[PDB]
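Chains as they are written, first to last, in the authors' numbering: chain H, 1 to 142, 146 to 231; chain B, 4 to 171; chain D, 3 to 171; chain L, 1 to 214; chain A, 275 to 327.
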Ligand SMILES: *[C@@H]1O[C@H](CO)[C@@H](O)[C@H](O)[C@H]1NC(C)=O
Ligand SMILES: *[C@@H]1O[C@H](CO)[C@@H](O)[C@H](O)[C@H]1NC(C)=O
Ligand SMILES: *[C@@H]1O[C@H](CO)[C@@H](O)[C@H](O)[C@H]1NC(C)=O
Ligand SMILES: *[C@@H]1O[C@H](CO)[C@@H](O)[C@H](O)[C@H]1NC(C)=O
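Written as structure tokens, this is what we have:
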């Protein structure tokens, strides 16, 4: 398998620099190049530039000239991308991709002027906000058809992502975890819900398991109907 | 045993690039390819290959070009039109590959001379053109010194006094 | 601290009075001057190809119909095929022409810069050394009048040869 | 820069249907056009390279055509794995540019949402803010209007909606609207209602909870 | 046959990776242009100068 493996996620304050690396395997790294493409959340793909593994020559998009430096290291088969003077709209998942055969004349259908394979992606969050663990509030259940709806409110965490499961992965049917929303406070908010039979509320135990890797925070939260 | 440059011949032993360096120093003999000038020539040839098929020829309903019966005037004109077209395109193809091949040979010859002159500039008064594509470097140039030449960081002032004394 | 640098991987946005020129640094300061002969030599070649691309007059009068309001069949298929063949061939000619022309224009203007450098190299002889960036290190004191004599081709290398060689070795 | 325009922006079809996406360049790019498939939450993956070539792994139901200025991608018999977003991309000139993407979703019968409302928890309420959640569950299609009424006061600017992707098993959507108020303002009023209108409902459904009351 | 080809001649389909073609002047689709030559070789490398002894 030809493969590109990228470095871990980064959280950066405005004005800082970020360096993302791509480690190649399965092919001759010095006979191709690496192109970098980013994708802001909910947006399209944007090309940043290209560097040759053969020559070290670079092509940068005019939008990023003076802010990007791409480097290649033959011995470690690793390409790097550095973006300086980061701003809030530099928040994206950054991808690297093998691109363009080098060192030999190529006909067009064999030029490898196409992005394949891709790295898994590197999330870079640029906000003047600091890492924070989420507060987990229950949404208690109470019927119809007859099924009840209960869930968890995961609020005020930074940055993305959080992981939510139910009963330690034992409960997967009927689960809906919503995509996070960026509140005006600069922090993220999320809800996870699940529908269950209304008869099982008294007997069955429902716990949403929340994981926020950036802050190492871990929370189990029991969900039960309110007492009145 | 003695090494010689491009003026005389090419190098069948060079397989990691199109242009390169051979050297003979106190540590022995070695070879290395120059990748930037290799790719500079390949980039241009790739560009030719892209431009020759860049325009799509897409034709659908045309004229009839084979005929089962003798008709006379109209068929004479239909055949003449198609034969005229083919002769003009056959000329265009013959002239194209002739012009392109002349340019390919020229641009690849130019990359060699540019790498030779680029090297001549680095060495300045520390070397002399032996006339066969090689330089006689008039100072102790170990493997690290040779690599500084190949990667364009060679400082001529370091070896200048030594080289000027050996030259005269 | 700005050191001057030549044409090797470097253009001059500051030179506006000509296409090629000299920049110098000596005891009296720094200066710049355009070279008129080589500037015009490149311009004359571009003018000449501008004249040649337009020299033929293409004058046609009564021709064939090229738009048709009704479906007719055989004869109309032939009239359309002839005109489509003519247009594709002239379109190819136009594309190949500007490609050959631009390649040649880039070559001839690159050549003028090299000619001017070699013309200067021959003047200086053993009184200067190629710095590798498109500049010469003149190994003697060369005031403004000495720079102008190089620019106008009257520089006598024998006057400074002893001084220059003593500084070189 | 060269501009790439994809059509349609979005498309809904059934399994076994035949679909065709279109990509257009502002100037000729030869055949240096590539297509990428991106599933939600995953990296893009190359599907077609150089206009018409299937990446060697690739399924034969995908085919690409076009040259110069106009290009297309065709799926002859749609399969569940094929519902994703598709990007065309130009490699003829730097800077390389992408189309805006075509989202391909499954067609379904209309399904009305089940509507649930959630009062702020006690634990959150004591801290100083109140979040009221209106849940719309397993509906189709996506278009839905949610309105917040508090003592019949119609509110605006204090709610945020969020939708899931289409569910893998039943092809429906789910939506969450959260009303965020300070603890002080949540105490002024007694009744909160979110009013849901949807084409699966003849009359709009309102769900109300009485505060301080279960 | 069950294959993919943009270009069709009475001799059968042909690929269109080359700018020219010598199969048949009768074509349909995105085809190479028909010429009289059977071969035209475009250089993709430099002059070959084998080495001295
Ligand atoms: C010769 O050229 C063809 C096409 O231009 C290319 O595919 C092939 O790799 C070349 N051969 C070598 C040995 O480089
Ligand atoms: C060039 O080669 C020399 C000698 O090996 C080395 O010291 C230097 O770091 C190299 N420079 C670069 C830019 O590779
Ligand atoms: C060339 O320049 C020198 C120095 O300024 C001057 O003495 C001489 O007259 C000039 N010659 C011409 C032909 O302009
Ligand atoms: C194609 O068929 C024609 C006759 O229809 C024949 O003249 C020609 O030689 C054939 N060419 C090939 C490549 O089979």
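Think of the CB as a built atom: it goes at the ideal place given N, C-alpha and C, for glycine as much as any other residue.
For the region 102-127 of chain H, the set of residues with a beta-carbon nearer than 8 Å to any beta-carbon of chain B comprises 102, 103, 104, 105, 106, 107, 108, 111, in chain order. Taking a Cβ-Cβ cut-off of 9 Å, the neighbours of residue 80 of chain D in chain B comprise 66, 77, 80, 81, 84, given in sequence order. In terms of beta-carbon proximity, residue 293 of chain A lines the interface with chain B, with at least one pair separated by less than 7 Å. At a cut-off of 4 residues, the continuous stretches assigned as alpha helix (DSSP H) that sit fully inside the region 30-78 of chain B are 38-55. What you get when you keep residues with a C-beta closer than 6 Å to any heavy atom of ligand 3 is D:147, D:150, D:151, D:154, D:156.
Straight-line spacing of the CA atoms in residue 31 of chain B and residue 40 of chain B works out to 25 Å. Between residue 15 of chain B and residue 135 of chain B, the C-beta spacing is not below 7 Å. Any Cβ of chain L closer than 7 Å to the Cβ of residue 203 of chain H would place that residue at the interface, and such an atom is absent.
In this structure, residue 3 of chain H places its C-beta atom within 7 Å of the C-beta atom of residue 26 of chain H. By the Cβ criterion, the region 206-216 of chain H is in contact with the region 162-174 of chain H, since at least three pairs of Cβ atoms, one from each stretch, lie closer than 8 Å. Contacts between residue 68 of chain L and chain B, judged by CB atoms closer than 7 Å, involve 59 in chain order.
Residues are counted here when their Cβ sits less than 8 Å from a Cβ of chain H; for the region 33-52 of chain B these are 38, 39, 41, 42, 45, 48, 49, 52, given in chain order. For residue 57 of chain B, the shortest C-beta to heavy atom distance toward ligand 1 is 6 Å or greater. Between residue 162 of chain L and residue 181 of chain H, the gap from beta carbon to beta carbon is short of 7 Å. Taking 7 Å as the cut-off, the Cβ atoms of residue 85 of chain B and residue 58 of chain B do not count as close.
Straight through space, the alpha carbons of residue 65 of chain B and residue 78 of chain D are spaced by roughly 11 Å. Boundaries of the alpha helix (DSSP H) harbouring residue 159 of chain B: 159-170, taken from the DSSP string. Residues whose Cβ lies closer than 6 Å to any heavy atom of ligand 4, listed in chain order: A:284, A:285, A:297, A:298. Closest by C-alpha distance to residue 17 of chain H, out of H:220, H:46, H:126, is H:126. Membership of residue 107 of chain H in any beta strand (DSSP E) is not indicated, and neither H nor E is assigned to it by DSSP. Relative to ligand 1, residue 111 of chain B has its C-beta separated by 6 Å or more from all heavy atoms.
The beta-carbon separation of residue 179 of chain L and residue 148 of chain L, rounded to 5 Å, stays under the 8 Å limit for a contact.
By the Cβ criterion, the region 157-169 of chain D is not in contact with the region 23-43 of chain L, since fewer than three pairs of Cβ atoms, one from each stretch, lie closer than 8 Å. Identification of residues in the region 32-62 of chain H having a C-beta nearer than 9 Å to some C-beta of chain B yields 52, 54, 55, 56, 57, given in sequence order.
As DSSP reads the structure, residue 224 of chain H sits in a beta bridge with H:211. Within the region 92-136 of chain L, the runs of alpha helix (DSSP H) that reach at least 4 residues and sit entirely inside it are, in chain order, 122-127.
Of the candidates B:52, B:28, B:5, the residue whose Cα lies closest to the Cα of residue 150 of chain B is B:28. Looking at the DSSP output, residue 162 of chain H shares a beta bridge with no other residue.
Comparing C-alpha distances from residue 99 of chain B to each of B:54, B:88, B:126 shows the shortest one belongs to B:54.
DSSP, read as helix, strand or coil, puts residue 93 of chain H in strand.
In the DSSP assignment, residue 184 of chain L falls within the unbroken alpha helix (DSSP H) covering 183-188. DSSP places residue 26 of chain B in the strand class (E or B) of the three-state scheme. Boundaries of the alpha helix (DSSP H) harbouring residue 147 of chain B: 146-153, taken from the DSSP string. In this structure, DSSP gives residue 198 of chain L a state outside helix and strand, which the three-state scheme calls coil.
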